[PDB]
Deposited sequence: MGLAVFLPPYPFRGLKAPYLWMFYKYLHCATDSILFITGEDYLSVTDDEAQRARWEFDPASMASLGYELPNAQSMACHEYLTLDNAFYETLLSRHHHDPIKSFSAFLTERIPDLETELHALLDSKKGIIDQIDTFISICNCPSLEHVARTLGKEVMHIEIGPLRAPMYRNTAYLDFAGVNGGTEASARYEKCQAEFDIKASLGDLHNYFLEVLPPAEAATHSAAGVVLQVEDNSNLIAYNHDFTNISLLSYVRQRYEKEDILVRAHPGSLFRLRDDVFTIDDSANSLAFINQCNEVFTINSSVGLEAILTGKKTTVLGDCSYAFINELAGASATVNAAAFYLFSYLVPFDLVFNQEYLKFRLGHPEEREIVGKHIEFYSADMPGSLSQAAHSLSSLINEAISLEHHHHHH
């Protein structure tokens, strides 16, 4: 079955950092799953000191589509637990900087981590033989090195750039890496000639919109800020930060022409003294007020591209290649492939039958057909997409 890697290391000061994906896989589980995680994941619940975490909020559970697991739900899976001694040692090897330690976890092999993973996997039965694929919610060269030795693939899976309530929920599934080192551009290059999409970028954007767009005083430049310690601002940012992104824009625009939107999930908000601060209810209403958008690698950059805004992308990300194409035609085709073939309907990356489907490395046409079938729960590759858009049209 699946071997789901959810490391317990509190790089950003939060225990069980990926608890929500632990609950989601448990909720959707149809067969037994091997969880490679930490005891923090198994004890967080019956810890009255953490009962206020957002993962326990009924609104968050309903939005992500999971329910809290019970004793029975968990008893049907196998659990391997990583110890904290390695984490303490890791911090001591990077000058006690937890963020730099996180960066090494995301971008370098850690031999001591590989040793413990091998030991855990070799600790029982034919655990290794039962493994059809690894799943990791982030890049992890330690795990990926172990996977090569054992002949297993690594699916990198995470929530996608389009999310409810504004959009249909999407997710990433990438065999090379998630956010950084992605294979979206490589997949597109191989089937680019198979795309003749009779729709505009706005039509593709409209297909994923679940709401009526906001009410269409422009700012010349909009600046998207991100969560300061998110993995793709730590590892895939090309050294840019929120503050150097702001300086970058101020080299090109006077502060009176800049509109800044802080990430609603950041610990930091902006003072009103310097820039004009955005107070929009959503990121779409914000970029609509801007003539061009600047981002490191926020999901919002995709929104700007799909709405036809001049967009600068300074960091590595899965959608950047769409922005690097000359000519409207190729850009629409690249966006269509990205949205219907690279992105996955959110629930499907937690579906074991779908994961087995992707493990066979099927053709892009079959992948698109699976996604549209799901989106359309109510022929060439372009025919599938053109007809899907057209049926949504009327």
*Spell out the unmodelled ranges of the deposited sequence for me, N- to C-terminal, numbering from the first residue.*
1, 218-219, 382-390, 407-410
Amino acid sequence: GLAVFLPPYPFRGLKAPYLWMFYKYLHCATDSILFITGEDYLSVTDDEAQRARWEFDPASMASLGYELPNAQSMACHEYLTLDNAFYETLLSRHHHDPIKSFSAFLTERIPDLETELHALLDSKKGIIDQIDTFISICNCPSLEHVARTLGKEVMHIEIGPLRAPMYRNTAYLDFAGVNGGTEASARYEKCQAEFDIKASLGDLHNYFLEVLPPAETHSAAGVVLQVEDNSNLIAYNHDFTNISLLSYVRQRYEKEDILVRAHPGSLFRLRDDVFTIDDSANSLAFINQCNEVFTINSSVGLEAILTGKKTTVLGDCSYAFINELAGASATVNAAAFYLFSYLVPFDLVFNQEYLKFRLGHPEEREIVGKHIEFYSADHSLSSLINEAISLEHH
From here on, numbers count along this sequence of modelled residues.
*For the C-alpha atoms alone, is the average B factor greater in 168-176 or in 251-259, going by the entry?*
251-259
*Which is higher on average in the deposited entry, the C-alpha temperature factors of 143-151 or of 118-126?*
118-126
*Quick one: which of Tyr41, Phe346, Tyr354, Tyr342 has the biggest Cα B-factor according to the entry?*
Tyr41
_Among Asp272, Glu210, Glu189, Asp203, where is the Cα B factor highest in this entry?_
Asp272
_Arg163 by Cα B-factor - lowest, middle or highest third of the modelled chain_ = lowest
*Lowest, middle or highest third: where is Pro264 by C-alpha B factor in its chain?*
middle
*Looking at the C-alpha B-factor of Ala336, is it in the lowest, middle or highest third of its chain?*
lowest
*Using the B-factor values recorded in the entry, state whether the Cα atom of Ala281 falls in the lowest, middle or highest third among the modelled residues of its chain.*
middle
*Pull the Cα B-factor of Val223 out of the PDB entry and bin it into the chain's lowest, middle or highest third.*
lowest
